[PDB]
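Secondary and tertiary structure notes
The lines below spell out each chain.
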Amino acid sequence: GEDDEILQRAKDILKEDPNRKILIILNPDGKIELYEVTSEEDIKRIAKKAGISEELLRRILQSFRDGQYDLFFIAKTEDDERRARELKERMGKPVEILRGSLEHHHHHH
């Protein structure tokens, strides 16, 4: 399936170019997208291509500046993170899980 081939290609990009970076987009339908990226200026293309929130986008740019992981997952909601956390187990390579949205928590009676 679509999420099997890209999971290998993320490692293949890094095997040939370890100086380059990988972005992964969570879709709410359970689909996935793979993107190639080199610098924060390149991530600005992904922001408008994938439709990432600007509060999330700064976390992607910061994750490149830290540079500690082999690929990056955009868990825009915890409903998307449900796939991101479970993929990290089967993938064996380490993944950083990026969170951020405009919704605020409350309790009422």
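What counts as what
Residues numbered from 1 in each chain as written, not as in the entry; some residues may be left out. Heavy atoms only, no water. Pairing = 2+ DSSP bridges. Helix = DSSP H or I, 4+ residues; strand = E, 2+ residues; numbered from the N terminus. Axes fitted to C-alpha atoms, helices over the stretch in contact; angles between N-to-C directions. Buried < 20%, exposed > 50% of the residue type's maximum accessible area, 1.4 Å probe, protein only. Right-handed = clockwise from strand over helix to strand, strands pointing away. Left-handed = near helix turned anticlockwise from the far one by under 90°. Contact = heavy atoms within 4.5 Å. Nonpolar A, V, L, I, M, F, W, Y, C, P; charged D, E, K, R; others polar.

Method of determination, as annotated in the archive: solution NMR.

Turning our attention to the sheet that holds strand β2 (residues 32-37). What the 4 strands build is an open sheet, ordered β2-β1-β3-β4; its pairing is mixed. Two strands lie at the open edges of the sheet, namely β2 and β4 (95-98), each paired on one side alone. For this sheet the average axis-to-axis angle between neighbouring strands, irrespective of direction, equals 25°. Bridge analysis of strand β1 (residues 21-26) against strand β3 (residues 71-74) gives 3 bridges, and the strand direction is parallel. Bridge assignment links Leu23 to a residue of β3, and that residue is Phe72.

In β3, alternate side chains face the same way, and those of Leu71 and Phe73 on one face and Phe72 and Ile74 on the other are all buried. Judged from the 4 bridges that link them, β3 and β4 form a sheet pairing that is parallel. By the bridge assignment, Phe73 is partnered in β4 with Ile97. The parallel pair β3 and β4 is bridged by helix α4 (residues 78-91), and the resulting crossover is right-handed.

Another aspect to go through is the packing of helix α1 (residues 2-16) against α4. Running from N to C, α1 and α4 cross one another at 65°; their axes reach a closest spacing of 12 Å. α4 is crossed by α1, and the crossing has right-handed handedness. For the pair α1 and α4, the contacting residues are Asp3, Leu7, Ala10 and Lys11 in the first and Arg83, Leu87, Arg90 and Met91 in the second. Its residues assigned to classes, the contact of α1 with α4 comprises 4 nonpolar, no polar and 4 charged.

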